[PDB]
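Below: the structure, in structure tokens.
Here you go:
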């Protein structure tokens with residue numbers, strides 16, 4: 406129960422029972438990276454972040 | 456500051484290591500092979 410998510414509905418009429426179970430889950434993720442630099446032609450430049 | 460890692476270990480520096488090499492060419496122009504980091 407500590408981990409459950411969603412809904413479920415308790416019902417009891419004499420001998421029977423039933424449990425409905427459902428959930429909806431979604432997740433969205435975005436990123437963007439724009440680096441820029443200058444150097445001369447023949448010599449290499451390098452760049453890093455993180 | 457400077458802090459040691461375990462590679475028995477060695478000295479490691481964390482800061483703003485800005486070094487360059489200036490070459491004056493024309494009357495007014497310069498050349499700068501600079502490298503640095505802000506850690």
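Protein chains in written order, with UniProt numbering: chain A, 406 to 455; chain B, 456 to 462, 475 to 506. Every residue, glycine too, gets a C-beta built ideally from N, C-alpha and C.
- Measuring C-alpha to C-alpha distances from residue 425(A) to each of 450(A), 439(A), 416(A) and 451(A) identifies 416(A) as the nearest.
- Per DSSP, reduced to three states, the secondary structure at residue 480(B) is strand.
- Closest in C-alpha terms to residue 427(A), from the list 409(A), 451(A) and 447(A), comes 409(A).
- DSSP places residue 489(B) in the uninterrupted beta strand (DSSP E) bounded by 489-491.
- The DSSP-derived three-state label of residue 433(A) is coil.
- Look at residue 422(A) here: in three-state DSSP terms it is strand.
- Per DSSP, residue 498(B) is one residue of the beta strand (DSSP E) stretching across 497-499.
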